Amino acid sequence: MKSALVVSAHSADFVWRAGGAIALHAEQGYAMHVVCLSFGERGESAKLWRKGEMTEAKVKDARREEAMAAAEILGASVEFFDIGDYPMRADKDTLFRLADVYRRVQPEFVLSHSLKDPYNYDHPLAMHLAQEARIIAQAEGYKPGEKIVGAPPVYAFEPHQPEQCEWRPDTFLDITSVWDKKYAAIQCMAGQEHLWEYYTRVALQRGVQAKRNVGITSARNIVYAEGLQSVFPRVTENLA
């Protein structure tokens, strides 16, 4: 089956930043798989920590259930490496774990975080894991005999503060046809209504910009979009 991979540093990230891309490609017949490296239990769970008698285990449970609910709505499978956030740290074993996901999923493309992020050190680490694991999975000397990975395009989805991250979308994905799914997944992020609104505005802004880049008087109905920054040059037979 056609497949693709999302590598999310914290469990909520794939929902804010990749929900549209996931739902859209699922409807195109893709087996979308999400790896959440951590749950954002320490640094992306303020509401929970403000309740009494909170624990990391309790936070992880709440985050896990939200992610599974969102994944179901979007049409993706999801797994949890649970390696911890703030700080997130990985070793060779994390890397090989992720390379094995690549070997199993054989994704056509990969979505992860920007390589710079002055607001969150965990985010670029996730993308570095995603990229290096991809290359390990290409090596005929890694678990010899296994089917190797090819060269799936890798993209950074939109960070919270794109210019501060030196991130530029060179690719707009029109997610207008699946906005309802992305927003329903967004609503699984309990207690984070301000972010619901923020990422709604993001999709609308990128929607207008995407429309501008196909011609402002075009009849195409581009209302919601996700911006992506490509890691690799694309290969094509047509320049339109």
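Residue numbers run from 1 along the displayed sequence.
Just going by the entry, 180 to 188 versus 51 to 59 on mean CA temperature factor gives the higher value to 51 to 59. Per-stretch averaging of Cα B factors for 108 to 116 and 141 to 149 places 141 to 149 on top. Residue-level temperature factors show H194 in the highest third of its chain, judged at the C-alpha atom. Compared with the other modelled residues of the chain, the Cα B-factor recorded for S38 ranks in the middle third.
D174: CA B factor in the lowest third of modelled residues in this chain (values from the PDB entry). For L74, the recorded CA temperature factor ranks within the highest third of the chain's modelled residues. Compared with the other modelled residues of the chain, the Cα B-factor recorded for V101 ranks in the lowest third.
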